Amino acid sequence: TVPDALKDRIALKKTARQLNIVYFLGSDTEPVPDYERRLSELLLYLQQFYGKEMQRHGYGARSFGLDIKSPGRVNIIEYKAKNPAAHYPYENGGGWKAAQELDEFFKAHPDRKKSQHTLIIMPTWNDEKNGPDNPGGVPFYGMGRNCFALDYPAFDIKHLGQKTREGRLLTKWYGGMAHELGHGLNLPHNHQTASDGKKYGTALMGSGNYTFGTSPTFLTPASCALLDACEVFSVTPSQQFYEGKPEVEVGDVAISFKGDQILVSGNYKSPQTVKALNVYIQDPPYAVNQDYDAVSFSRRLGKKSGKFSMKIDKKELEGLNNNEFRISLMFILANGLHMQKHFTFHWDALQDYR
Ligand SMILES: [Zn+2]
Ligand SMILES: [Zn+2]
């Protein structure tokens, strides 16, 4: 009743909002057997991973909230869809179609919606391409505050880390869920620093979807700074999330290069508290799926206005190898919105900025 992988687990702080879990069934789709237990175990272990990382970074035992209906059992919404499975495929807006239908379901049942974040899980298609040994066919990506992942018969934590086809399949699809959930929880891609890579392994939002459960995987300071400002990690019920627009004035920005060091400083002013500054340094190209390489840093601010100061060591920029690089400054607000400013440089023609 308790898998071995959950025997080591921490008590977590109650949160003001919880991640919704929807098991999304096409009108012609049968659940994968034993999904309530299998997915509860996997989700509770995922919750442990995120909560232990938040604690290790100084935020206390805070994870994404889950609605628990009995010991070891998540309150999963089993949703029977209006249309057959073929109507909500990975491609061509299948995920948006599912999400719109769930918007209708939550409008008609607002008691069952516990936050603005939802993880939708669909069973694998079973055809000539996909099946229990090669899951796929369904949405599998982040979509705003929503994210999509899948289920299949061996999607069971008992295989975690095992040197078997089931174990390798699990790290692929469980690591995948962990990473897509990160996107759903407002996380962009980022890469571990050189020092963190040596101590803690592979960043989950970098290539950690390939390592989760098999080799050491972790969450960066910058990811934890965003989770600190994510609705389902809130221990402050007075705080409302994601309303309005990010309003930050950023002035007197200086970026200077002195030996091996990158100096970043400036001032900020917001009507909201500014929780933190994340700094991302990456090689081109810069699209939202060409940024697995962005090495990230974070600094706590915690005021509505003030100055920021940061020295970044170039030797921590593990993996970067382009003459051209971009520094992004991301200001994270208390309501979970953020704004960014970008600056591009060239190592062979380094120009201090303002
Ligand atoms: Zn991703
Ligand atoms: Zn890049």
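All residue numbers in this chain count up from 1 along the given sequence. Read the numbers this way: they start at 1 and go in the same order the structure lists the ligands and their atoms. Side chains are part of it too, since the values below use all heavy atoms of this structure and drop only hydrogens, waters and symmetry mates.
Comment: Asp260 engages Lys315 in a salt bridge, judged by a side-chain N to carboxylate O separation of less than 4.0 angstrom. Taking the charged nitrogens against the carboxylate oxygens, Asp156 and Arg37 do have a contact shorter than 4.0 Å, which makes a salt bridge.
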Evaluation steps, salt bridge (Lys or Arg N to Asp or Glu O under 4.0 Å), between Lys258 and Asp352: CA-CA 9 Å; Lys258 304 303 139 180; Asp352 293 347; 2.8 Å; yes
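Residues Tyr200 and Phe212 fall into different hydrophobic clusters, defined by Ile, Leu, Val, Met, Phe, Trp and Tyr side chains chained together at heavy-atom separations under 4.5 Å.
For the pair NE2 of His183 and NE2 of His189, the angle whose vertex sits at the Zn ion (ligand 1) is 90° to 10 degrees. Centred on the Zn ion (ligand 2), the angle running from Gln282 (OE1) to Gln290 (O) is recorded as 100°, rounding to 10°. Rounded to the nearest 10 degrees, the angle O (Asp283) to the Zn ion (ligand 2) to OD1 (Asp293) equals 110°.
Contact annotation: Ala287 places no N, O or S atom under 2.8 Å from the Zn ion (ligand 2).
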